[PDB]
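Structure first, commentary second.
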Amino acid sequence: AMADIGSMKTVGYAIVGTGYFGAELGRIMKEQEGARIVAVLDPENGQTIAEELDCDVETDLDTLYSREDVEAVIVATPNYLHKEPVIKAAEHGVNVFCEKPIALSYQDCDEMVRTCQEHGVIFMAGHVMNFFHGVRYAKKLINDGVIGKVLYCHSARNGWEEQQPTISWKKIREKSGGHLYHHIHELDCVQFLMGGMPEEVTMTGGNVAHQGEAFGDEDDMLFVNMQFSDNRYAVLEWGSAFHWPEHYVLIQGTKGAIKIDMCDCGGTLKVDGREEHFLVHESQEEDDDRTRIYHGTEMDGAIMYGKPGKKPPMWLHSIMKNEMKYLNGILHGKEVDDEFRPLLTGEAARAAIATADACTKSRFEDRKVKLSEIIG
Amino acid sequence: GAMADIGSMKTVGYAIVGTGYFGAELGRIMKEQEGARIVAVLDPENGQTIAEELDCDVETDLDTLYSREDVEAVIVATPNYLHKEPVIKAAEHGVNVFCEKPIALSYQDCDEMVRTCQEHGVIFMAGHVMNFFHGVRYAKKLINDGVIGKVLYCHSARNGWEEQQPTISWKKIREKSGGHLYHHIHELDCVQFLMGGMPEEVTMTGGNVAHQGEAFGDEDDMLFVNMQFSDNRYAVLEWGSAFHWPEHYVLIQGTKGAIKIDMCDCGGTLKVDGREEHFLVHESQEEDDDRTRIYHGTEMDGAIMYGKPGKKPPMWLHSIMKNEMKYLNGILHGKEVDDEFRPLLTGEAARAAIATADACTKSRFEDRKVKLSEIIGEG
Ligand SMILES: NC(=O)c1ccc[n+]([C@@H]2O[C@H](COP(=O)([O-])OP(=O)(O)OC[C@H]3O[C@@H](n4cnc5c(N)ncnc54)[C@H](O)[C@@H]3O)[C@@H](O)[C@H]2O)c1
Ligand SMILES: NC(=O)c1ccc[n+]([C@@H]2O[C@H](COP(=O)([O-])OP(=O)(O)OC[C@H]3O[C@@H](n4cnc5c(N)ncnc54)[C@H](O)[C@@H]3O)[C@@H](O)[C@H]2O)c1
C-alpha cells in the first residue's frame with residue numbers, strides 16, 4: 001500500500017546452495033516485496049537456477065559477498081558445508097539465514113553464531129518446524145497453562161528406506177550427520193517445548209539393516225533418552241529401518257496432552273476428558289496432502305528426500321513462504337517476535353547442535369553424556 | 001484330547017498361598033479343571049472366606065500346609081515381595097510350584113527360587129500370563145514363520161494417569177510391589193521373549209514427576225528403558241501413571257514388516273508388503289472390545305484397574321488365567337512342555353525378567369548405563 005513507503009527498500013539476497021531447497025527458497029524470496037535475488041553460488045546447479053531467477057552467478061564466496069548489491073545470504077548447501085558460507089558472509093557484513101542443521105559440530109555452530117555477533121550481522125537459524133501452525137498452537141496451549149507443566153515429550157520420525165541405485169550425500173554421516181542432524185527438527189521442537197537443553201542424554205542404536213556397499217553409513221535406528229532439570233524427560237526416536245511408520249511429537253503435562261502427528265496429519269489436545277483437533281499446517285488441504293504423501297511412500301521413505309530438480313510438496317512450500325516472509329521482515333526492520341527470537345539470538349542453534357553432539361558422543365562412547373561436556 | 005484320554009485321571013491336590021484378587025480367581029478356575037482339586041489355602045486375611053467358597057481347608061503354617069499328604073502342587077499368589085518363602089518351602093516338601101509374576105523383587109531371590117526347585121526336582125512354572133494372550137501366541141507364530149523377518153526393535157508402553165487413592169495399596173509401595181517395572185514386568189518379559197532373551201546393556205530414566213503426595217511410596221510414575229541387544233538390535237520400554245495420553249501396546253519391527261499388539265484400542269495389526277491385517281489380542285472380538293471399553297472407563301484414573309480382594313478379573317484376564325491354569329494342570333499330569341512355553345519351566349524367562357529389571361533399577365538409581373554382566377556375571 002502507499003503507506004509502505006519508507007519501509008520498502010529492496011534487500012539484495014545471495015543464495016549459496018541452489019539445489020532442492022535453495023532453488024525453492026530463491027523462487028519464494030524473489031516473489032516477496034522488497035526482496036531481490038542478485039546472485040547465486042552453486043558449482044553444479046548455479047547456472048541453471050540463475051537463468052530461472054534472472055540473476056548472476058558467482059563462483060567465489062569472498063567475490064560474491066564483496067558485491068555492494070549482496071546484503072543478505074540464504075545458505076542452503078549440504079549439512080557439512082554451512083560453515084564457510086556463514087563465516088565469510090559475516091566477515092563481509094552480510095546478514096545470514098542458515099538451513100538446518102546449522103552445522104555438524106557444536107564448535108562449528110558456536111563459531112558461526114559468535115562470528116555473526118562479532119560482525120553485527122543477523123544470523124537466523126532455519127528451524128522451519130517452529131513456523132508450523134500446529135507447533136505455534138502447541139506453544140500457545142502450553143503458555144496458556146492448558147496442559148499444566150510439561151513433564152514428558154516423545155518424538156518419532158521412523159520409516160523404511162529401500163536400497164537406492166545411488167547413495168545421496170543425505171545418507172552419509174560425514175555429509176549429513178545422519179538422521180539426528182538431518183532431521184534435527186524434532187530435537188529442536190522438544191527443546192523449544194521443554195524450555196532448552198536437557199542436563200544429560202543417552203542415545204542407543206546403530207546400522208541394523210542398511211550395512212554394506214549399496215547403503216550410506218548413517219545409523220538407521222536411533223533412540224534418545226533425555227533427562228531435563230526439575231524431574232522432566234523426553235524420548236526421541238529416528239530412522240530408516242522401521243516397517244511401522246511414525247512421525248509425531250507428543251507433549252504430556254500435569255493437566256493434559258498434545259499430539260502433533262505428521263503421518264496421519266493432525267493435532268490433538270486431550271484435557272479434562274475431552275479431545276480437540278487442530279491443523280498441523282496452514283489448511284486442511286495441506287494436512288490431507290501430507291497424509292497422502294506418507295501413505296504413498298510407506299514402503300520407501302527415500303522418496304521424500306529432496307534432490308536438485310525436485311520441488312517441495314504443498315505443506316513445505318507453504319511454510320517456506322512463511323519463513324522467508326519472516327526473514328524478509330527482519331531485514332526490513334520489523335521487530336523480532338518473542339516466539340521466534342531464539343532463532344535470531346543463537347540460543348536455539350547452539351542448543352540443537354550441543355544436544356545432537358551429546359547424543360552422538362553418548363551413542364559412539366556407549367555412555368550417558370552431560371550437556372556440560374559439550375558446552376563447557 | 002485323544003483316544004488315550006479315556007480312563008480316570010489322577011487328581012492333583014493344589015494348595016493356594018495368597019487368595020486375594022488373583023489367587024482366589026486362580027483357585028475358582030483350577031477347581032473347574034479335570035484332575036485338579038483345591039485342597040487347602042493359606043491367607044491370613046482372606047483364607048477362611050475363600051476356603052468356604054472353594055469348599056477346602058485353611059492352613060496358617062507353610063510347613064504344615066506342604067506336609068499334607070493331599071498337597072502335591074501350590075499356586076503362589078501372595079504380594080510381589082512375599083513369593084520366596086512359599087516357593088522355597090514347597091520345594092523343600094517336594095511340592096510342585098506355580099508362582100505369580102514378578103517371580104521376586106531381586107535376582108538373588110529369583111535365582112535361589114529356581115535353584116532350590118531344581119535341587120528338589122520339582123516343577124517351577126513362572127506365571128508370565130501375557131504369553132497366553134491369543135495375540136502374543138499369534139505374534140510368535142508369525143515371527144517363527146519368518147513373516148516379518150528378523151526382529152530388529154520392540155517398543156512397549158504401559159502409560160496412563162492414576163489419581164492418588166484415599167488409602168494406599170501395597171501395589172503402590174515400591175518395597176512391596178517393585179513399582180511399575182516389576183508389578184508390570186509383563187511387557188519386559190514379552191520383549192525378551194520376542195527378542196530371544198536378555199539385552200547386553202540397559203539404561204532406565206524416570207522419576208516421581210506428578211505424585212509428590214505419594215513420595216512415601218518411593219515409586220517412579222514415569223520410567224523409560226533403552227535396551228541394547230546382541231547383534232545390533234534394540235528396545236524401548238515405557239511405563240507409568242503420570243501420562244494424560246494413555247498407551248498400552250507392544251510394537252514389533254523386523255526386516256520384512258511389523259506387528260502391533262494394542263491393549264488400549266484393543267487389537268493386533270500386521271503390516272507387511274504394503275497390506276495391513278487385523279488379528280485378535282484375546283479369545284474373541286468381544287474380549288478385545290470389552291478390554292477397549294475397560295480402558296475408556298479408566299482413562300481419567302487407571303488406579304481402578306488394580307485388583308483387590310473381592311474384585312473379579314475382567315473377561316480377557318479370566319480367559320488367559322484359564323489358558324494358563326489348563327497348561328499348568330496338563331504339565332502336572334505329565335503332558336510334555338511345548339518349546340513355546342519351555343522357558344516358563346526352565347527358569348530362563350524368570351531369571352531373564354528379574355535380571356533385566358534389577359539392571360534397569362540399578363541404572364535408574366546410579367544414573368548410568370548398566371551391563372547385564374553386572375547382575376549375571378561373564379558366564
Ligand atoms: N525443510 C527444511 O528445512 C529442509 C528440507 C530439505 C533440505 N533442507 C536443508 O537444505 C540444505 C540443502 O539440502 P537440499 O535438499 O537442497 O540438497 P540438494 O542435494 O538438493 O542440494 C544441495 C545443493 O548444494 C550444492 N552444493 C554442493 N556443494 C556446494 C558448495 N561448495 N557451494 C555451493 N553449493 C554447493 C549442490 O550442487 C546442490 O545444488 C541442507 O542444509 C538440508 O538439510 C532443509
Ligand atoms: N498375572 C496377572 O495378570 C496378575 C494380575 C494381578 C495380580 N497378580 C499377582 O498376583 C499376586 C497377588 O496380587 P493380588 O492382585 O491378588 O493382590 P491382593 O491384594 O488382591 O491379594 C493379596 C493377598 O495376599 C494375602 N497375603 C498377604 N500376606 C500373605 C502371606 N504372608 N501369606 C499368604 N497370603 C498373604 C492377602 O491377605 C491378600 O488376600 C502378586 O504376585 C501380583 O503381582 C498378577
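Following the order of the C-alpha cells, first chain is A, next is B, and so on, with residues numbered from 1 inside each chain and ligands from 1 in the order they appear.
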#### Entry: Interface, chain A side, toward chain B (9 Å; only C-alpha atoms) as a ChimeraX atom specification
/A:151-152,202-209,221,223-227,230-235,241-244,250-259,270-273,298-299,366-368
What parts of region 84-298 of chain A does DSSP call helix (DSSP H, G or I)? I'd like the answer as a PDB file with C-alpha atoms, in the first residue's frame.
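Below is the file result.pdb, written as the result:
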```
ATOM      1  CA  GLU A  84      32.471 -21.204   5.245  1.00  0.00           C
ATOM      2  CA  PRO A  85      29.442 -19.501   3.586  1.00  0.00           C
ATOM      3  CA  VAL A  86      28.317 -18.150   7.040  1.00  0.00           C
ATOM      4  CA  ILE A  87      31.805 -17.135   8.290  1.00  0.00           C
ATOM      5  CA  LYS A  88      32.656 -15.303   5.002  1.00  0.00           C
ATOM      6  CA  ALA A  89      29.199 -13.600   4.941  1.00  0.00           C
ATOM      7  CA  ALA A  90      29.787 -12.258   8.488  1.00  0.00           C
ATOM      8  CA  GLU A  91      33.360 -11.142   7.507  1.00  0.00           C
ATOM      9  CA  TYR A 106      28.909 -27.599  18.284  1.00  0.00           C
ATOM     10  CA  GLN A 107      32.356 -25.945  17.655  1.00  0.00           C
ATOM     11  CA  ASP A 108      31.258 -25.029  14.084  1.00  0.00           C
ATOM     12  CA  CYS A 109      27.798 -23.819  15.165  1.00  0.00           C
ATOM     13  CA  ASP A 110      29.248 -21.814  18.114  1.00  0.00           C
ATOM     14  CA  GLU A 111      31.841 -20.173  15.831  1.00  0.00           C
ATOM     15  CA  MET A 112      29.170 -19.313  13.193  1.00  0.00           C
ATOM     16  CA  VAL A 113      26.844 -17.658  15.774  1.00  0.00           C
ATOM     17  CA  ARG A 114      29.804 -15.910  17.507  1.00  0.00           C
ATOM     18  CA  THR A 115      31.337 -14.577  14.251  1.00  0.00           C
ATOM     19  CA  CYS A 116      27.928 -13.192  13.108  1.00  0.00           C
ATOM     20  CA  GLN A 117      27.505 -11.467  16.555  1.00  0.00           C
ATOM     21  CA  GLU A 118      31.059 -10.045  16.414  1.00  0.00           C
ATOM     22  CA  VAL A 128      11.258 -24.120   9.988  1.00  0.00           C
ATOM     23  CA  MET A 129       9.205 -26.547  12.161  1.00  0.00           C
ATOM     24  CA  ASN A 130       8.678 -23.555  14.545  1.00  0.00           C
ATOM     25  CA  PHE A 131       6.512 -21.967  11.774  1.00  0.00           C
ATOM     26  CA  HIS A 133       0.545 -23.819  12.698  1.00  0.00           C
ATOM     27  CA  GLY A 134       0.420 -26.967  14.953  1.00  0.00           C
ATOM     28  CA  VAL A 135       3.728 -26.121  16.701  1.00  0.00           C
ATOM     29  CA  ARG A 136       2.788 -22.444  17.209  1.00  0.00           C
ATOM     30  CA  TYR A 137      -0.590 -23.632  18.608  1.00  0.00           C
ATOM     31  CA  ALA A 138       1.021 -26.239  20.909  1.00  0.00           C
ATOM     32  CA  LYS A 139       3.290 -23.466  22.318  1.00  0.00           C
ATOM     33  CA  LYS A 140       0.216 -21.188  22.853  1.00  0.00           C
ATOM     34  CA  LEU A 141      -1.644 -24.017  24.730  1.00  0.00           C
ATOM     35  CA  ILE A 142       1.483 -24.565  26.908  1.00  0.00           C
ATOM     36  CA  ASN A 143       1.923 -20.786  27.626  1.00  0.00           C
ATOM     37  CA  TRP A 169      25.062 -37.229   0.480  1.00  0.00           C
ATOM     38  CA  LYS A 170      21.983 -37.236   2.818  1.00  0.00           C
ATOM     39  CA  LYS A 171      22.764 -40.895   3.792  1.00  0.00           C
ATOM     40  CA  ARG A 173      27.315 -39.498   8.209  1.00  0.00           C
ATOM     41  CA  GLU A 174      30.228 -37.171   7.339  1.00  0.00           C
ATOM     42  CA  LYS A 175      27.996 -35.151   4.905  1.00  0.00           C
ATOM     43  CA  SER A 176      24.513 -35.206   6.592  1.00  0.00           C
ATOM     44  CA  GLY A 178      22.602 -38.908   9.602  1.00  0.00           C
ATOM     45  CA  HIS A 179      19.021 -38.705  10.945  1.00  0.00           C
ATOM     46  CA  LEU A 180      19.833 -36.886  14.209  1.00  0.00           C
ATOM     47  CA  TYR A 181      21.272 -33.804  12.378  1.00  0.00           C
ATOM     48  CA  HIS A 182      19.433 -34.072   9.026  1.00  0.00           C
ATOM     49  CA  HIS A 185      13.639 -30.613  13.569  1.00  0.00           C
ATOM     50  CA  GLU A 186      12.165 -32.969  16.267  1.00  0.00           C
ATOM     51  CA  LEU A 187      15.077 -32.407  18.718  1.00  0.00           C
ATOM     52  CA  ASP A 188      14.792 -28.599  18.295  1.00  0.00           C
ATOM     53  CA  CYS A 189      10.973 -28.878  18.716  1.00  0.00           C
ATOM     54  CA  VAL A 190      11.269 -30.818  22.003  1.00  0.00           C
ATOM     55  CA  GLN A 191      13.862 -28.286  23.313  1.00  0.00           C
ATOM     56  CA  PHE A 192      11.510 -25.371  22.437  1.00  0.00           C
ATOM     57  CA  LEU A 193       8.614 -27.162  24.236  1.00  0.00           C
ATOM     58  CA  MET A 194      10.704 -28.041  27.350  1.00  0.00           C
ATOM     59  CA  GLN A 284      -6.890 -28.944   5.953  1.00  0.00           C
ATOM     60  CA  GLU A 285      -5.762 -29.379   2.259  1.00  0.00           C
ATOM     61  CA  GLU A 286      -2.089 -29.122   3.379  1.00  0.00           C
ATOM     62  CA  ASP A 287      -2.572 -31.671   6.226  1.00  0.00           C
ATOM     63  CA  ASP A 288      -4.504 -34.101   3.962  1.00  0.00           C
ATOM     64  CA  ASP A 289      -1.844 -33.786   1.218  1.00  0.00           C
ATOM     65  CA  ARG A 290       0.901 -34.634   3.782  1.00  0.00           C
ATOM     66  CA  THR A 291      -1.170 -37.710   4.897  1.00  0.00           C
ATOM     67  CA  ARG A 292      -1.445 -38.803   1.210  1.00  0.00           C
ATOM     68  CA  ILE A 293       2.370 -38.414   0.750  1.00  0.00           C
ATOM     69  CA  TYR A 294       3.130 -40.542   3.881  1.00  0.00           C
ATOM     70  CA  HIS A 295       0.633 -43.272   2.819  1.00  0.00           C
ATOM     71  CA  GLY A 296       2.030 -43.247  -0.761  1.00  0.00           C
TER      72      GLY A 296
END
```
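Checking A:17, A:195, A:329, A:212 one by one against ligand 1, counting only C-alpha atoms and all ligand atoms, you find the shortest gap at A:17.
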### Task
Among the residues of region 157-252 of chain B, find those DSSP assigns to strand (DSSP E) from the backbone and print them as JSON, numbers by chain.
{"B": [157, 158, 159, 160, 161, 201, 202, 203, 204, 205, 206, 207, 222, 223, 224, 225, 226, 227, 228, 229, 233, 234, 235, 236, 237, 238, 239, 240, 242, 243, 244, 245, 246, 247, 248, 249, 250, 251, 252]}
Store the residues picked out above in a file with N, CA and C atoms, as an mmCIF file, in the first residue's frame.
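See again.cif below for the written result:
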```
data_model
loop_
_atom_site.group_PDB
_atom_site.id
_atom_site.type_symbol
_atom_site.label_atom_id
_atom_site.label_comp_id
_atom_site.auth_asym_id
_atom_site.auth_seq_id
_atom_site.Cartn_x
_atom_site.Cartn_y
_atom_site.Cartn_z
ATOM 1 N N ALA B 157 4.828 -49.773 25.628
ATOM 2 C CA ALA B 157 4.355 -48.712 26.540
ATOM 3 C C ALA B 157 3.234 -49.276 27.388
ATOM 4 N N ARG B 158 3.178 -48.812 28.604
ATOM 5 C CA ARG B 158 2.081 -49.127 29.514
ATOM 6 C C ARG B 158 1.922 -47.901 30.395
ATOM 7 N N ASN B 159 1.298 -46.893 29.810
ATOM 8 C CA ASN B 159 1.306 -45.494 30.282
ATOM 9 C C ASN B 159 -0.134 -45.057 30.498
ATOM 10 N N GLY B 160 -0.451 -44.616 31.702
ATOM 11 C CA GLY B 160 -1.747 -43.995 31.992
ATOM 12 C C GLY B 160 -1.649 -42.956 33.069
ATOM 13 N N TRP B 161 -2.805 -42.504 33.528
ATOM 14 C CA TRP B 161 -2.940 -41.485 34.581
ATOM 15 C C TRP B 161 -3.644 -42.115 35.786
ATOM 16 N N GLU B 201 22.896 -54.563 27.588
ATOM 17 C CA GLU B 201 23.070 -53.277 28.285
ATOM 18 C C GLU B 201 21.714 -52.560 28.355
ATOM 19 N N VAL B 202 21.434 -51.891 29.471
ATOM 20 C CA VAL B 202 20.171 -51.136 29.651
ATOM 21 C C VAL B 202 20.485 -49.756 30.240
ATOM 22 N N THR B 203 19.609 -48.819 29.958
ATOM 23 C CA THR B 203 19.526 -47.504 30.616
ATOM 24 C C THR B 203 18.074 -47.308 31.040
ATOM 25 N N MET B 204 17.841 -46.906 32.279
ATOM 26 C CA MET B 204 16.480 -46.504 32.690
ATOM 27 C C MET B 204 16.543 -45.122 33.340
ATOM 28 N N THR B 205 15.645 -44.255 32.902
ATOM 29 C CA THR B 205 15.458 -42.903 33.468
ATOM 30 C C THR B 205 14.022 -42.789 33.944
ATOM 31 N N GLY B 206 13.743 -41.733 34.694
ATOM 32 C CA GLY B 206 12.395 -41.517 35.201
ATOM 33 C C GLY B 206 12.415 -40.925 36.575
ATOM 34 N N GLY B 207 11.227 -40.809 37.142
ATOM 35 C CA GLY B 207 11.103 -40.121 38.434
ATOM 36 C C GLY B 207 9.681 -40.182 38.918
ATOM 37 N N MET B 222 6.945 -42.273 36.100
ATOM 38 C CA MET B 222 7.399 -42.336 34.687
ATOM 39 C C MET B 222 8.698 -43.131 34.658
ATOM 40 N N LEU B 223 8.803 -44.110 33.753
ATOM 41 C CA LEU B 223 10.016 -44.943 33.576
ATOM 42 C C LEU B 223 10.253 -45.152 32.090
ATOM 43 N N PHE B 224 11.488 -44.915 31.659
ATOM 44 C CA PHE B 224 11.850 -45.027 30.238
ATOM 45 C C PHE B 224 13.112 -45.873 30.136
ATOM 46 N N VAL B 225 12.988 -47.009 29.455
ATOM 47 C CA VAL B 225 14.085 -48.009 29.355
ATOM 48 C C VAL B 225 14.583 -48.053 27.917
ATOM 49 N N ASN B 226 15.906 -48.083 27.784
ATOM 50 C CA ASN B 226 16.618 -48.151 26.487
ATOM 51 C C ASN B 226 17.488 -49.406 26.542
ATOM 52 N N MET B 227 17.135 -50.453 25.778
ATOM 53 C CA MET B 227 17.815 -51.776 25.808
ATOM 54 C C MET B 227 18.655 -51.953 24.543
ATOM 55 N N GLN B 228 19.835 -52.528 24.696
ATOM 56 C CA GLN B 228 20.743 -52.847 23.585
ATOM 57 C C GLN B 228 20.952 -54.348 23.611
ATOM 58 N N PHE B 229 20.522 -55.012 22.548
ATOM 59 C CA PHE B 229 20.641 -56.472 22.380
ATOM 60 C C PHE B 229 21.854 -56.775 21.513
ATOM 61 N N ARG B 233 20.491 -54.875 17.755
ATOM 62 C CA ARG B 233 19.022 -54.903 17.949
ATOM 63 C C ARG B 233 18.694 -54.106 19.216
ATOM 64 N N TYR B 234 17.477 -53.573 19.327
ATOM 65 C CA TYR B 234 17.195 -52.504 20.335
ATOM 66 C C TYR B 234 15.786 -52.693 20.877
ATOM 67 N N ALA B 235 15.500 -52.095 22.034
ATOM 68 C CA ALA B 235 14.123 -51.990 22.544
ATOM 69 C C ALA B 235 13.989 -50.710 23.345
ATOM 70 N N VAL B 236 12.783 -50.176 23.307
ATOM 71 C CA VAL B 236 12.411 -49.022 24.149
ATOM 72 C C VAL B 236 11.178 -49.487 24.916
ATOM 73 N N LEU B 237 11.150 -49.251 26.222
ATOM 74 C CA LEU B 237 10.010 -49.647 27.065
ATOM 75 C C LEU B 237 9.637 -48.477 27.961
ATOM 76 N N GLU B 238 8.370 -48.116 27.917
ATOM 77 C CA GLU B 238 7.842 -47.010 28.742
ATOM 78 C C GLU B 238 6.822 -47.573 29.720
ATOM 79 N N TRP B 239 6.797 -47.027 30.920
ATOM 80 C CA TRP B 239 5.751 -47.353 31.913
ATOM 81 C C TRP B 239 5.384 -46.079 32.676
ATOM 82 N N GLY B 240 4.151 -46.032 33.159
ATOM 83 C CA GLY B 240 3.884 -45.236 34.359
ATOM 84 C C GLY B 240 2.456 -44.751 34.488
ATOM 85 N N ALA B 242 1.662 -41.179 35.197
ATOM 86 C CA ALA B 242 1.570 -39.715 35.053
ATOM 87 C C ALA B 242 1.394 -39.289 33.586
ATOM 88 N N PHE B 243 0.769 -40.123 32.770
ATOM 89 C CA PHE B 243 0.601 -39.903 31.311
ATOM 90 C C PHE B 243 -0.879 -39.630 31.000
ATOM 91 N N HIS B 244 -1.189 -38.400 30.608
ATOM 92 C CA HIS B 244 -2.534 -37.977 30.163
ATOM 93 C C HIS B 244 -2.758 -38.399 28.704
ATOM 94 N N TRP B 245 -1.768 -38.963 28.016
ATOM 95 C CA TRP B 245 -2.039 -39.649 26.717
ATOM 96 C C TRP B 245 -1.866 -41.148 26.930
ATOM 97 N N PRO B 246 -2.951 -41.900 27.184
ATOM 98 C CA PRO B 246 -2.838 -43.310 27.536
ATOM 99 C C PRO B 246 -2.370 -44.142 26.335
ATOM 100 N N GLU B 247 -1.470 -45.052 26.616
ATOM 101 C CA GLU B 247 -0.938 -46.011 25.626
ATOM 102 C C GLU B 247 -0.652 -47.330 26.343
ATOM 103 N N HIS B 248 -1.042 -48.442 25.727
ATOM 104 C CA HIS B 248 -0.660 -49.774 26.238
ATOM 105 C C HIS B 248 -0.526 -50.695 25.043
ATOM 106 N N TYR B 249 0.702 -50.972 24.653
ATOM 107 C CA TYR B 249 0.935 -51.788 23.444
ATOM 108 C C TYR B 249 2.339 -52.373 23.455
ATOM 109 N N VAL B 250 2.530 -53.362 22.601
ATOM 110 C CA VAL B 250 3.869 -53.881 22.226
ATOM 111 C C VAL B 250 3.938 -53.817 20.702
ATOM 112 N N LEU B 251 4.966 -53.137 20.199
ATOM 113 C CA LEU B 251 5.192 -52.923 18.762
ATOM 114 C C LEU B 251 6.461 -53.664 18.397
ATOM 115 N N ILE B 252 6.372 -54.541 17.400
ATOM 116 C CA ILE B 252 7.492 -55.423 16.985
ATOM 117 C C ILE B 252 7.855 -55.082 15.536
#
```
### Task
Can you tell me which residues come within 9 Å of ligand 2 when counting only C-alpha atoms and all ligand atoms, ideally as a ChimeraX atom specification?
/B:16-25,41-47,60,62,76-83,85-86,99-104,127-130,169-171,177,182-184,186,306-311,313,317,320-321
### Task
Find the residues near ligand 1. Use a cut-off of 7 Å, count only C-alpha atoms and all ligand atoms, and write them as a PyMOL selection string.
chain A and resi 16-22+41-45+76-79+81+99-101+126-128+182+305-308+316
Selection export as a PDB file, in the first residue's frame, atoms kept: C-alpha atoms:
```pdb
ATOM      1  CA  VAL A  16      24.704 -20.309  -1.608  1.00  0.00           C
ATOM      2  CA  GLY A  17      23.445 -23.797  -2.482  1.00  0.00           C
ATOM      3  CA  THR A  18      20.630 -23.790  -5.076  1.00  0.00           C
ATOM      4  CA  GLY A  19      19.551 -27.453  -5.064  1.00  0.00           C
ATOM      5  CA  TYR A  20      16.135 -28.823  -3.990  1.00  0.00           C
ATOM      6  CA  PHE A  21      15.732 -26.446  -1.028  1.00  0.00           C
ATOM      7  CA  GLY A  22      17.926 -23.421  -2.042  1.00  0.00           C
ATOM      8  CA  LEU A  41      26.806 -19.711  -5.953  1.00  0.00           C
ATOM      9  CA  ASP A  42      26.409 -23.469  -6.691  1.00  0.00           C
ATOM     10  CA  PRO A  43      29.114 -25.229  -8.749  1.00  0.00           C
ATOM     11  CA  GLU A  44      26.753 -27.871 -10.201  1.00  0.00           C
ATOM     12  CA  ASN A  45      23.315 -26.141 -10.394  1.00  0.00           C
ATOM     13  CA  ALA A  76      21.267 -23.955   1.649  1.00  0.00           C
ATOM     14  CA  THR A  77      24.421 -26.040   0.983  1.00  0.00           C
ATOM     15  CA  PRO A  78      24.626 -29.672   2.211  1.00  0.00           C
ATOM     16  CA  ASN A  79      24.689 -30.088   6.023  1.00  0.00           C
ATOM     17  CA  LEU A  81      29.151 -27.202   4.005  1.00  0.00           C
ATOM     18  CA  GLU A  99      19.486 -24.011   6.811  1.00  0.00           C
ATOM     19  CA  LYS A 100      19.237 -26.755   9.448  1.00  0.00           C
ATOM     20  CA  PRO A 101      21.208 -28.394  10.829  1.00  0.00           C
ATOM     21  CA  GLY A 126      16.199 -22.059   9.619  1.00  0.00           C
ATOM     22  CA  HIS A 127      14.377 -24.232  12.241  1.00  0.00           C
ATOM     23  CA  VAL A 128      11.258 -24.120   9.988  1.00  0.00           C
ATOM     24  CA  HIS A 182      19.433 -34.072   9.026  1.00  0.00           C
ATOM     25  CA  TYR A 305      14.258 -36.698   0.368  1.00  0.00           C
ATOM     26  CA  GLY A 306      14.738 -33.695  -1.952  1.00  0.00           C
ATOM     27  CA  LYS A 307      17.313 -33.605  -4.727  1.00  0.00           C
ATOM     28  CA  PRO A 308      18.112 -30.998  -7.438  1.00  0.00           C
ATOM     29  CA  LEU A 316       6.600 -27.485   2.802  1.00  0.00           C
TER      30      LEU A 316
END
```
### Query
Residues at most 10 Å from residue 297 (chain A), counting only C-alpha atoms, excluding those fewer than 5 positions away in the same chain, as a count of residues only?
8
### Message
Taking 2 positions as the minimum chain separation for residues in the same chain, which residues sit within 12 Å of region 286-291 of chain B when counting only C-alpha atoms? Answer as a ChimeraX atom specification.
### Response
/B:133-135,248,261-268,278-284,293-298,305,313-320
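Here the question is which of B:35, B:199, B:146, B:27 gets nearest to residue 53 (chain B) using only C-alpha atoms, and that residue is B:27.
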Name the residues in contact with residue 375 (chain A) at a cut-off of 12 Å, using only C-alpha atoms, excluding same-chain residues fewer than 4 positions from it; report them as an mmCIF file with C-alpha atoms, in the first residue's frame.
```cif
data_model
loop_
_atom_site.group_PDB
_atom_site.id
_atom_site.type_symbol
_atom_site.label_atom_id
_atom_site.label_comp_id
_atom_site.auth_asym_id
_atom_site.auth_seq_id
_atom_site.Cartn_x
_atom_site.Cartn_y
_atom_site.Cartn_z
ATOM 1 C CA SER A 105 29.577 -29.901 15.345
ATOM 2 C CA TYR A 106 28.909 -27.599 18.284
ATOM 3 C CA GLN A 107 32.356 -25.945 17.655
ATOM 4 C CA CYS A 109 27.798 -23.819 15.165
ATOM 5 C CA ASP A 110 29.248 -21.814 18.114
ATOM 6 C CA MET A 197 18.725 -28.242 26.603
ATOM 7 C CA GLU A 199 21.119 -31.880 31.574
ATOM 8 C CA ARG A 350 23.586 -23.728 19.873
ATOM 9 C CA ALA A 351 21.090 -25.824 21.934
ATOM 10 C CA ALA A 352 20.120 -28.052 18.949
ATOM 11 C CA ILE A 353 23.741 -28.816 17.890
ATOM 12 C CA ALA A 354 25.045 -29.077 21.519
ATOM 13 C CA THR A 355 22.424 -31.725 22.353
ATOM 14 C CA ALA A 356 22.887 -33.512 18.954
ATOM 15 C CA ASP A 357 26.692 -33.686 19.680
ATOM 16 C CA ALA A 358 25.966 -35.013 23.243
ATOM 17 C CA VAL A 369 26.705 -37.742 28.345
ATOM 18 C CA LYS A 370 26.111 -34.460 30.253
ATOM 19 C CA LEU A 371 25.496 -31.320 28.073
#
```
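The interatomic distance for the pair CA of residue 248 (chain A) and CA of residue 183 (chain A) works out to 12.5 Å.
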### Query
Hey, what's within 9 Å of residue 117 (chain B) if we count only C-alpha atoms and toss same-chain stuff fewer than 2 positions away? As a list in words, please?
residues 87, 88, 90, 91, 92, 94, 96, 97, 112, 113, 114, 115, 119, 120, 121, 122, 123 and 124 of chain B
